[PDB]
Amino acid sequence: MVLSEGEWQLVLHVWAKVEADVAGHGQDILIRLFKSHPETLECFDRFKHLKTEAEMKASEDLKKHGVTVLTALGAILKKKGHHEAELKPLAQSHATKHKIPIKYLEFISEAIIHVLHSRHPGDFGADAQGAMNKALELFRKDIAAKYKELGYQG
Ligand code: HEM
């Protein structure tokens, strides 16, 4: 994959909006993931009992984890594909400790796209959606290659 500089700019321009309310984006993303693909909730021992959207919005622990996820993702996107150093510790933990399959990274990618549409209509048009899709796909493909370098099938 090779994104155009334009595509990267579309990505980073919408990312600036995410940065204006990182915790709100993070909550909405994790909640949308858990709603759309409930099996994913089982991966979080401390959260896995939460039932309703309002319950999840009140979890300080879920909100903190959202920030943690989006901070790491932000640093990776800003590398414009030159993210081997940032991916390594993340592949390590997600392959070996959390045991997350690549398909669940696909599920969270869908949730990111939904939330960006939900919070930023007018500024998340087809072109920005396409560029964000491509950046997230690159991320997932590169993680999957890292898993295999560690000897794991993601
Ligand atoms: C954009 C995609 C993702 C990013 C950037 C991301 C990032 C992170 C970061 C930075 C951490 C803490 C440090 C670490 O353990 O490596 C973490 C922990 C974790 N991640 Fe992810 N992650 C993503 C997707 C997922 C998905 C889809 C799942 C499960 C469905 C998952 C499950 C977990 C779990 C279980 C932990 C440990 C949580 C805790 O006990 O506090 N991750 N992730």
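Both backbone and side-chain heavy atoms feed into the values below; hydrogens, waters and symmetry mates do not. Just so you know, ligand 1 is whichever comes first in the structure, and atom 1 is the first atom listed for that ligand. Position 1 is the first residue of the sequence, and the numbers go up from there.
- Here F44 has side-chain heavy atoms under 4.0 Å from ligand 1, and that is the only part of it that gets that close.
- Within 6.0 Å of NZ on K35 lie more than 12 heavy atoms contributed by other residues, nucleotides or ligands.
- Of the polar atoms of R46, at least one N or O is found under 3.5 Å from an N or O of ligand 1, judged by distance alone.
- Panel note: side chain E7, backbone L3; no donor-acceptor pair is recorded below 3.5 Å.
- In this structure, atom 24 (C) of ligand 1 lies nearest to the protein heavy atom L105 CD2, 3.6 Å.
- A donor-acceptor contact shorter than 3.5 Å links the side chain of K51 to the backbone of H49.
- Listed by chain and residue number, the protein N/O/S atoms under 2.8 Å of atom 21 (Fe) of ligand 1 are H94 NE2, with waters left out.
- In this structure, the protein non-hydrogen atom closest to atom 35 (C) of ligand 1 is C43 O, 3.3 Å.
- The list of salt bridge (charged side-chain N to carboxylate O under 4.0 Å, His left out) pairs with a residue in residues 79-91, not counting sequence neighbours, reads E5-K80, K79-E86, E84-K146.
- Few gaps surround NZ on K99; more than 12 heavy atoms of other groups in view lie less than 6.0 Å from it.
- Sorted by first and then second residue, the pairs that involve residues 106-120 and meet salt bridge (charged side-chain N to carboxylate O under 4.0 Å, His left out), not counting sequence neighbours, are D21-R119, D28-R119, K103-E106.
- By the definition of a contact as any protein heavy atom under 4.0 Å away, atom 13 (C) of ligand 1 is not in contact.
- Residues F124 and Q129 meet the side-chain proximity criterion, which asks for heavy atoms closer than 4.5 Å.
- Counting the atoms of ligand 1 from 1 in the order shown, those under 4.0 Å from a heavy atom of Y104 are 27 (C), 30 (C).
- Not counting sequence neighbours, the partners of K78 by the side chain to side chain donor-acceptor pair (under 3.5 Å) test are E19.
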Full working for ring pair (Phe, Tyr, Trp, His ring centres under 6.0 Å) between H13 and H120
CA-CA 12 Å; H13 174 86; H120 309 293; 9.7 Å; no

